[PDB]
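Peer 1: So I've got this file, input_39.txt, and it contains compact mmCIF, C-alpha atoms:
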# COMPACT_ATOMS: atom_id res chain seq x y z
CA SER S 2 8.56 -29.33 19.38
CA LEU S 3 6.15 -27.58 21.75
CA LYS S 4 4.97 -28.68 25.17
CA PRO S 5 1.61 -30.49 25.02
CA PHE S 6 -1.36 -28.17 25.13
CA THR S 7 -3.65 -28.47 28.15
CA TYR S 8 -6.86 -29.74 26.56
CA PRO S 9 -9.15 -29.14 29.59
CA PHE S 10 -7.27 -26.39 31.45
CA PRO S 11 -6.86 -22.77 30.28
CA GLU S 12 -3.25 -21.72 29.89
CA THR S 13 -0.82 -18.92 29.05
CA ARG S 14 2.02 -19.57 26.60
CA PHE S 15 4.95 -17.43 25.47
CA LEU S 16 6.01 -18.32 21.93
CA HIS S 17 9.22 -17.43 20.13
CA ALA S 18 8.73 -16.96 16.38
CA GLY S 19 11.19 -15.21 14.13
CA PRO S 20 12.60 -12.23 16.05
CA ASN S 21 9.58 -11.95 18.34
CA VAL S 22 8.02 -13.33 21.47
CA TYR S 23 4.21 -13.48 21.57
CA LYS S 24 1.95 -13.84 24.61
CA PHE S 25 -0.95 -16.23 23.96
CA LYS S 26 -3.82 -17.25 26.21
CA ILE S 27 -5.90 -20.36 25.52
CA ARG S 28 -9.42 -20.75 26.92
CA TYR S 29 -11.72 -23.75 26.46
CA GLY S 30 -15.50 -23.90 26.54
CA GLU S 39 -9.80 -38.76 21.88
CA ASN S 40 -6.75 -38.82 19.60
CA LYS S 41 -5.04 -35.92 21.36
CA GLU S 42 -2.08 -35.80 18.96
CA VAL S 43 -4.41 -34.50 16.24
CA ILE S 44 -5.90 -32.05 18.75
CA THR S 45 -2.49 -30.67 19.71
CA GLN S 46 -1.54 -30.40 16.04
CA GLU S 47 -4.67 -28.45 15.12
CA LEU S 48 -4.22 -26.16 18.13
CA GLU S 49 -0.66 -25.49 16.97
CA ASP S 50 -2.14 -24.80 13.54
CA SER S 51 -4.58 -22.35 15.15
CA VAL S 52 -1.70 -20.52 16.81
CA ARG S 53 0.17 -20.46 13.50
CA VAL S 54 -2.92 -19.03 11.78
CA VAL S 55 -3.26 -16.30 14.39
CA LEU S 56 0.43 -15.51 13.89
CA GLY S 57 -0.20 -15.42 10.14
CA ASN S 58 -3.16 -13.03 10.48
CA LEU S 59 -1.97 -10.72 13.23
CA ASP S 60 -3.96 -7.74 11.95
CA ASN S 61 -7.12 -9.45 10.66
CA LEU S 62 -8.22 -11.79 13.44
CA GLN S 63 -11.49 -13.57 12.62
CA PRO S 64 -13.09 -16.78 13.91
CA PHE S 65 -12.32 -19.97 12.03
CA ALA S 66 -13.18 -23.66 12.08
CA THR S 67 -10.74 -26.54 12.42
CA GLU S 68 -11.69 -30.20 11.96
CA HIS S 69 -12.90 -30.32 15.58
CA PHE S 70 -13.06 -26.72 16.85
CA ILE S 71 -14.18 -23.19 16.21
CA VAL S 72 -11.45 -20.73 17.22
CA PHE S 73 -12.42 -17.18 18.19
CA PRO S 74 -9.19 -15.14 18.29
CA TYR S 75 -8.93 -11.86 20.13
CA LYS S 76 -6.15 -9.29 20.37
CA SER S 77 -5.66 -6.93 23.30
CA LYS S 78 -3.02 -4.42 24.34
CA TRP S 79 -0.13 -6.02 26.24
CA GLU S 80 0.03 -3.58 29.14
CA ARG S 81 3.41 -2.85 30.73
CA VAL S 82 5.17 -4.65 27.90
CA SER S 83 7.46 -1.61 27.62
CA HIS S 84 8.78 -2.61 31.07
CA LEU S 85 9.95 -6.05 29.87
CA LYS S 86 13.05 -7.28 28.05
CA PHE S 87 13.26 -10.77 26.57
CA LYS S 88 16.53 -12.44 25.61
CA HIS S 89 17.58 -15.72 24.01
CA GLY S 90 21.19 -15.92 25.08
CA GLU S 91 22.57 -12.55 24.02
CA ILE S 92 19.87 -12.08 21.37
CA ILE S 93 17.18 -9.50 22.15
CA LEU S 94 13.71 -10.82 21.34
CA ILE S 95 11.13 -8.21 20.35
CA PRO S 96 7.83 -8.70 22.23
CA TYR S 97 4.76 -8.25 20.05
CA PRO S 98 2.87 -5.57 22.00
CA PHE S 99 -0.46 -7.42 21.92
CA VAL S 100 -1.74 -10.47 23.80
CA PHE S 101 -3.76 -13.04 21.85
CA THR S 102 -6.64 -14.88 23.52
CA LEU S 103 -7.93 -17.95 21.67
CA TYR S 104 -11.43 -19.00 22.71
CA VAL S 105 -11.63 -22.63 21.56
CA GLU S 106 -15.09 -24.19 21.18
CA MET S 107 -16.35 -27.48 19.77
CA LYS S 108 -17.18 -27.87 16.07
CA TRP S 109 -20.51 -29.69 16.38
CA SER J 2 -35.88 1.20 21.38
CA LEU J 3 -34.99 -0.57 18.13
CA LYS J 4 -37.11 -2.67 15.80
CA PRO J 5 -36.76 -6.43 16.40
CA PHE J 6 -33.68 -8.11 14.96
CA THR J 7 -34.09 -10.94 12.45
CA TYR J 8 -33.22 -13.90 14.68
CA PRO J 9 -32.54 -16.53 11.97
CA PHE J 10 -31.21 -14.44 9.09
CA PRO J 11 -27.99 -12.37 9.04
CA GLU J 12 -28.48 -8.64 8.84
CA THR J 13 -26.79 -5.24 8.73
CA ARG J 14 -28.11 -2.45 10.96
CA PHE J 15 -27.13 1.22 11.14
CA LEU J 16 -27.63 2.58 14.66
CA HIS J 17 -27.70 6.17 15.90
CA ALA J 18 -26.13 6.66 19.33
CA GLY J 19 -25.20 10.04 20.76
CA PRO J 20 -23.73 12.19 17.99
CA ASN J 21 -22.51 9.15 16.03
CA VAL J 22 -23.79 6.40 13.76
CA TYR J 23 -22.42 2.86 14.07
CA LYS J 24 -22.55 0.04 11.53
CA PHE J 25 -23.40 -3.34 13.08
CA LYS J 26 -23.61 -6.74 11.40
CA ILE J 27 -25.37 -9.69 13.03
CA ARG J 28 -24.43 -13.24 12.03
CA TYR J 29 -25.81 -16.45 13.53
CA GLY J 30 -24.07 -19.81 13.74
CA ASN J 40 -40.39 -15.88 22.36
CA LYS J 41 -38.35 -13.54 20.16
CA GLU J 42 -38.97 -10.43 22.29
CA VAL J 43 -36.47 -11.63 24.90
CA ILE J 44 -34.00 -12.41 22.10
CA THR J 45 -34.34 -8.92 20.64
CA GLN J 46 -33.90 -7.37 24.08
CA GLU J 47 -30.72 -9.30 24.86
CA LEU J 48 -29.33 -8.52 21.40
CA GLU J 49 -29.94 -4.82 22.05
CA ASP J 50 -28.17 -5.29 25.39
CA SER J 51 -25.25 -6.89 23.55
CA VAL J 52 -25.08 -3.90 21.21
CA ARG J 53 -25.07 -1.56 24.21
CA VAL J 54 -22.27 -3.58 25.82
CA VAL J 55 -20.20 -3.36 22.64
CA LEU J 56 -20.79 0.39 22.64
CA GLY J 57 -19.68 0.50 26.27
CA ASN J 58 -16.46 -1.39 25.50
CA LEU J 59 -15.53 0.03 22.10
CA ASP J 60 -11.80 -0.28 22.83
CA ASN J 61 -11.75 -3.57 24.79
CA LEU J 62 -13.98 -5.96 22.84
CA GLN J 63 -14.35 -9.35 24.52
CA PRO J 64 -16.85 -12.22 24.23
CA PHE J 65 -19.74 -12.36 26.67
CA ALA J 66 -22.67 -14.61 27.49
CA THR J 67 -26.33 -13.60 27.51
CA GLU J 68 -29.13 -15.71 28.98
CA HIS J 69 -29.46 -17.66 25.71
CA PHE J 70 -26.42 -16.84 23.56
CA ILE J 71 -22.68 -16.36 23.55
CA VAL J 72 -21.81 -13.17 21.67
CA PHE J 73 -18.40 -12.86 20.03
CA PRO J 74 -17.95 -9.20 19.02
CA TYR J 75 -15.38 -8.22 16.40
CA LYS J 76 -14.24 -4.89 15.00
CA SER J 77 -13.13 -4.29 11.43
CA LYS J 78 -12.22 -1.23 9.39
CA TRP J 79 -15.27 0.43 7.83
CA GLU J 80 -14.05 0.72 4.25
CA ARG J 81 -15.29 3.51 1.97
CA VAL J 82 -16.76 5.38 4.94
CA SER J 83 -14.73 8.54 4.31
CA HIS J 84 -16.97 9.07 1.26
CA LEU J 85 -20.16 9.12 3.36
CA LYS J 86 -21.96 11.91 5.21
CA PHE J 87 -24.74 11.28 7.74
CA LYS J 88 -27.32 13.82 8.89
CA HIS J 89 -30.25 13.90 11.31
CA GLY J 90 -32.18 16.98 10.27
CA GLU J 91 -29.57 19.73 10.30
CA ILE J 92 -27.35 17.81 12.74
CA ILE J 93 -24.22 16.16 11.33
CA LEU J 94 -23.75 12.62 12.66
CA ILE J 95 -20.18 11.28 12.71
CA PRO J 96 -19.88 7.65 11.53
CA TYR J 97 -17.76 5.54 13.83
CA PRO J 98 -14.97 4.39 11.50
CA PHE J 99 -15.26 0.69 12.41
CA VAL J 100 -17.90 -1.94 11.71
CA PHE J 101 -18.91 -4.27 14.54
CA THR J 102 -19.76 -7.88 13.69
CA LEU J 103 -21.49 -9.90 16.41
CA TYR J 104 -21.14 -13.66 15.96
CA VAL J 105 -24.06 -15.09 17.96
CA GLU J 106 -23.84 -18.74 19.00
CA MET J 107 -26.18 -20.92 21.03
CA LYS J 108 -25.00 -20.95 24.63
CA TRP J 109 -25.70 -24.70 24.71
CA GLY X 175 -20.62 -20.76 8.63
CA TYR X 176 -17.01 -19.99 9.52
CA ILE X 177 -13.90 -19.95 7.36
CA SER X 178 -11.96 -23.21 7.24
CA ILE X 179 -8.55 -23.15 8.91
CA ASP X 180 -7.18 -24.67 5.69
CA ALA X 181 -8.21 -21.51 3.79
CA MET X 182 -6.04 -19.28 5.96
CA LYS X 183 -2.46 -18.09 5.98
CA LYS X 184 -0.21 -19.88 8.46
CA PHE X 185 3.15 -18.99 9.94
CA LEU X 186 5.23 -22.00 8.92
CA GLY X 187 8.57 -21.13 10.53
CA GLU X 188 10.11 -22.45 13.70
CA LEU X 189 8.02 -21.85 16.81
CA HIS X 190 9.31 -22.39 20.34
CA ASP X 191 7.99 -22.01 23.86
CA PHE X 192 9.74 -19.10 25.57
CA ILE X 193 10.62 -20.49 29.00
CA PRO X 194 13.16 -18.42 30.95
CA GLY X 195 15.84 -20.60 32.49
CA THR X 196 15.71 -22.99 29.51
CA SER X 197 17.35 -22.98 26.08
CA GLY X 198 19.17 -19.78 27.08
CA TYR X 199 15.97 -17.77 27.47
CA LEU X 200 15.83 -14.86 29.91
CA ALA X 201 13.36 -12.15 30.89
CA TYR X 202 13.82 -8.94 32.87
CA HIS X 203 11.81 -6.10 34.39
CA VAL X 204 12.49 -2.44 35.12
CA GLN X 205 13.35 -1.42 38.68
CA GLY E 175 -16.68 -19.98 30.79
CA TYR E 176 -17.54 -16.56 29.38
CA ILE E 177 -18.24 -13.30 31.18
CA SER E 178 -21.91 -12.63 31.82
CA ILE E 179 -23.48 -9.76 29.89
CA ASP E 180 -24.79 -8.50 33.24
CA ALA E 181 -21.19 -7.91 34.40
CA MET E 182 -20.32 -5.65 31.45
CA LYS E 183 -20.30 -1.88 31.20
CA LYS E 184 -23.32 -0.78 29.16
CA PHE E 185 -24.18 2.26 27.08
CA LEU E 186 -27.54 3.35 28.51
CA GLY E 187 -28.22 6.36 26.28
CA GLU E 188 -30.71 6.78 23.47
CA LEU E 189 -30.34 4.34 20.57
CA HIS E 190 -32.25 4.65 17.30
CA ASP E 191 -32.32 2.91 13.94
CA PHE E 192 -30.72 5.13 11.28
CA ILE E 193 -33.08 4.94 8.30
CA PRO E 194 -32.50 7.63 5.64
CA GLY E 195 -35.69 9.19 4.36
CA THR E 196 -37.43 8.90 7.74
CA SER E 197 -37.41 10.99 10.92
CA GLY E 198 -35.27 13.59 9.15
CA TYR E 199 -32.36 11.23 8.45
CA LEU E 200 -30.19 11.82 5.38
CA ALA E 201 -27.08 10.26 3.85
CA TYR E 202 -24.84 11.28 0.95
CA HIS E 203 -21.98 9.88 -1.12
CA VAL E 204 -19.20 11.38 -3.21
CA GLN E 205 -19.63 11.44 -6.99
CA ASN E 206 -17.49 12.40 -9.97
Step by step, read the file and then write its structure as structure tokens.

Peer 2:
Amino acid sequence: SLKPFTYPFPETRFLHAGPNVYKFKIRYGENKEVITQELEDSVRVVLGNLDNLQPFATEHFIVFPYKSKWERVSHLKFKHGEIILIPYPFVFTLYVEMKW
Amino acid sequence: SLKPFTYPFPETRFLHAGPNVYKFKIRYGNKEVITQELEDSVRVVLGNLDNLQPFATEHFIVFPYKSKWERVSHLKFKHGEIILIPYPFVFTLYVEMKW
Amino acid sequence: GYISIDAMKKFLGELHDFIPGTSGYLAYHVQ
Amino acid sequence: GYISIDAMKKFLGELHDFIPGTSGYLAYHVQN
């Protein structure tokens, strides 16, 4: 349902989940469908542990999540049609490394 | 200024800086250089208490993390007659081989 | 040793890319 | 890549190991 993740290139993604929009940043240190699925899982884990970020290991990666203040988020308004989406006031940076 | 860190084994260290004491935890996965760069990492974390981010030393990547220091309100630290204030968060440095 | 992803809580609901100009999404800024 | 440690702000002040029972260090805990 999501655009393919950029395996080699770092990227910024805005994600709509429940009533919120989240700002994520992905940084990187063969079956790419599995890779995309586990990266989506990593995002879903970060979303499920918003307040207790810790590094974790997937089948192929170690993910080091970080949270930082989303500066000037008070100066933004996000809408889906007429619905107001609530921006989560923190940006998440996922440092993805290889599980050797 | 600090005693050498235990390079292979994980450890907990209480450090006195300024008027405060900080709780650090080191986890892993010529040792003088390693100890020096780990002290430098600790000093960087202390210099970026509010904006923790990962950084690379000559030999390691350091992933610093902050967590709530539980049961710290029931502790009192003193240096002689001076009252030291414990910083209410524990810093865990995940050290990984840079290559 | 790090915690396995399978031992963690996961948001399982719908998750979409927020792309203004698509799917009715919009974003604004103060002026 | 990752930011170099040499590009970070650094606390340059005095830094000591806190070891109760030495150098005048002391620590206490609440009790019933």

Peer 1: Within 8 Å of residue 44 (chain J), counting all atoms listed in the file, which residues qualify if same-chain residues fewer than 4 places away don't, as a PyMOL selection string?

Peer 2: chain J and resi 8+40+48+69

Peer 1: Given the point (7.4, -8.8, 30.3) in the coordinates of this file, which residues lie within 12 Å, counting only C-alpha atoms, and how would they look as a PyMOL selection string?

Peer 2: (chain S and resi 15+22-24+79-88+94-100) or (chain X and resi 192+194+200-204)

Peer 1: Find the residues in chain S near chain X: any atom within 8 Å counts, using all atoms listed in the file. Write them as a ChimeraX atom specification.

Peer 2: /S:2-4,14-19,22,50-51,53-58,64-67,71,84-90

Peer 1: Just checking: using only C-alpha atoms, which residue out of J:3, J:43, J:66, J:103 ends up closest to residue 63 (chain S)?

Peer 2: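 That would be J:103, the residue with the smallest distance to residue 63 (chain S).
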
Peer 1: Applying 10 Å and only C-alpha atoms, which residues near residue 20 (chain J) remain after dropping the ones on its own chain fewer than 3 positions away? List them as a list in words.

Peer 2: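 Returned residues: residues 17, 88, 89, 92, 93, 94, 95, 96 and 97 of chain J.
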
Peer 1: Check every residue of chain S for an atom within 9 Å of chain E, counting all atoms listed in the file, and provide those that qualify as a PyMOL selection string.

Peer 2: chain S and resi 28-30

Peer 1: Can you work out the spacing between CA of residue 91 (chain J) and CA of residue 6 (chain J) in Å, to one decimal?

Peer 2: 28.5 Å

Peer 1: Show which residues sit within 10 Å of residue 181 (chain E), as a PyMOL selection string. Count only C-alpha atoms, and ignore same-chain residues fewer than 3 positions away.

Peer 2: (chain J and resi 54+65-66) or (chain E and resi 177-178+184)

Peer 1: Assuming 6 Å of padding per side, give the centre and edge lengths of the axis-aligned box around every listed atom of region 177-195 of chain X, in Å to one decimal and as AutoDock Vina command-line options.

Peer 2:
--center_x 1.0 --center_y -21.4 --center_z 18.1 --size_x 41.7 --size_y 18.6 --size_z 40.7

Peer 1: Could you list, as a ChimeraX atom specification, every residue within 12 Å of residue 206 (chain E), counting only C-alpha atoms and ignoring same-chain residues fewer than 2 positions away?

Peer 2: /J:84 /E:203-204

Peer 1: Deliver the residues from the most recent selection as a file, using C-alpha atoms, as a PDB file, in the coordinates of the input.

Peer 2:
ATOM      1  CA  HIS J  84     -16.970   9.070   1.260  1.00  0.00           C
TER       2      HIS J  84
ATOM      3  CA  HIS E 203     -21.980   9.880  -1.120  1.00  0.00           C
ATOM      4  CA  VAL E 204     -19.200  11.380  -3.210  1.00  0.00           C
TER       5      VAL E 204
END

Peer 1: Interatomic distance between CA of residue 100 (chain J) and CA of residue 48 (chain S)?

Peer 2: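 Distance between the two atoms: 28.5 Å.
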
Peer 1: With the cut-off set at 8 Å and counting all atoms listed in the file, tabulate each residue of chain J with an atom at most that distance from an atom of chain S, showing the nearest atom pair and its distance in Å to one decimal, ordered by chain and increasing number, as JSON lines.

Peer 2:
{"residue": "J:61", "atom": "CA", "partner": "S:77", "partner_atom": "CA", "distance": 7.1}
{"residue": "J:63", "atom": "CA", "partner": "S:75", "partner_atom": "CA", "distance": 7.4}
{"residue": "J:73", "atom": "CA", "partner": "S:73", "partner_atom": "CA", "distance": 7.6}
{"residue": "J:75", "atom": "CA", "partner": "S:63", "partner_atom": "CA", "distance": 7.6}
{"residue": "J:77", "atom": "CA", "partner": "S:61", "partner_atom": "CA", "distance": 8.0}

Peer 1: Restricting the output to C-alpha atoms, write the selected residues as an mmCIF file, in the frame of the given file.

Peer 2:
data_model
loop_
_atom_site.group_PDB
_atom_site.id
_atom_site.type_symbol
_atom_site.label_atom_id
_atom_site.label_comp_id
_atom_site.auth_asym_id
_atom_site.auth_seq_id
_atom_site.Cartn_x
_atom_site.Cartn_y
_atom_site.Cartn_z
ATOM 1 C CA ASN J 61 -11.750 -3.570 24.790
ATOM 2 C CA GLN J 63 -14.350 -9.350 24.520
ATOM 3 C CA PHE J 73 -18.400 -12.860 20.030
ATOM 4 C CA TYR J 75 -15.380 -8.220 16.400
ATOM 5 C CA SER J 77 -13.130 -4.290 11.430
#

Peer 1: Only residues of chain E matter here; which ones have an atom within 7 Å of chain J, counting all atoms listed in the file? Give them as a list in words.

Peer 2: residues 176, 177, 178, 179, 182, 183, 184, 185, 186, 188, 189, 190, 191, 192, 198, 199, 200, 201, 202, 203 and 204 of chain E

Peer 1: So what do you get for CA of residue 180 (chain E) versus CA of residue 46 (chain J), distance-wise?

Peer 2: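 According to the coordinates, CA of residue 180 (chain E) and CA of residue 46 (chain J) are separated by 13.0 Å.
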
Peer 1: With a cut-off of 10 Å and counting all atoms listed in the file, select all residues of chain J in contact with chain X and give the selection as a PyMOL selection string.

Peer 2: chain J and resi 28-30+104

Peer 1: My structure is short of atoms at region 187-198 of chain X; please model N, CA, C and O atoms there, returning them as a short mmCIF file (atom, residue, chain, number, x, y, z; two decimals), keeping the file's coordinate frame.

Peer 2:
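Contents of the output file rebuild.cif:
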data_model
loop_
_atom_site.label_atom_id
_atom_site.label_comp_id
_atom_site.auth_asym_id
_atom_site.auth_seq_id
_atom_site.Cartn_x
_atom_site.Cartn_y
_atom_site.Cartn_z
N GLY X 187 7.21 -21.08 10.04
CA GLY X 187 8.57 -21.13 10.53
C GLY X 187 8.67 -21.83 11.86
O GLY X 187 7.70 -22.35 12.41
N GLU X 188 9.89 -21.83 12.41
CA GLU X 188 10.11 -22.45 13.70
C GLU X 188 9.38 -21.67 14.78
O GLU X 188 9.31 -20.44 14.75
N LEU X 189 8.84 -22.41 15.74
CA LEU X 189 8.02 -21.85 16.81
C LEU X 189 8.41 -22.57 18.09
O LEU X 189 8.37 -23.80 18.14
N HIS X 190 8.82 -21.81 19.10
CA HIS X 190 9.31 -22.39 20.34
C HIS X 190 8.60 -21.76 21.53
O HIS X 190 8.18 -20.60 21.48
N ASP X 191 8.46 -22.55 22.59
CA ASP X 191 7.99 -22.01 23.86
C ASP X 191 9.11 -21.19 24.51
O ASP X 191 10.24 -21.66 24.64
N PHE X 192 8.78 -19.96 24.90
CA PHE X 192 9.74 -19.10 25.57
C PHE X 192 9.63 -19.37 27.06
O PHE X 192 8.69 -18.92 27.72
N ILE X 193 10.60 -20.10 27.60
CA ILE X 193 10.62 -20.49 29.00
C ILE X 193 11.93 -20.01 29.61
O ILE X 193 12.97 -20.63 29.42
N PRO X 194 11.91 -18.90 30.35
CA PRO X 194 13.16 -18.42 30.95
C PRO X 194 13.79 -19.50 31.82
O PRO X 194 13.09 -20.28 32.48
N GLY X 195 15.12 -19.54 31.82
CA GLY X 195 15.84 -20.60 32.49
C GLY X 195 16.05 -21.84 31.65
O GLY X 195 16.66 -22.80 32.13
N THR X 196 15.55 -21.85 30.41
CA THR X 196 15.71 -22.99 29.51
C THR X 196 16.10 -22.48 28.13
O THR X 196 15.66 -21.41 27.70
N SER X 197 16.91 -23.28 27.44
CA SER X 197 17.35 -22.98 26.08
C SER X 197 18.03 -21.61 25.97
O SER X 197 18.11 -21.05 24.88
N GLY X 198 18.53 -21.08 27.09
CA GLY X 198 19.17 -19.78 27.08
C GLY X 198 18.23 -18.60 27.18
O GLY X 198 18.68 -17.46 27.05
#
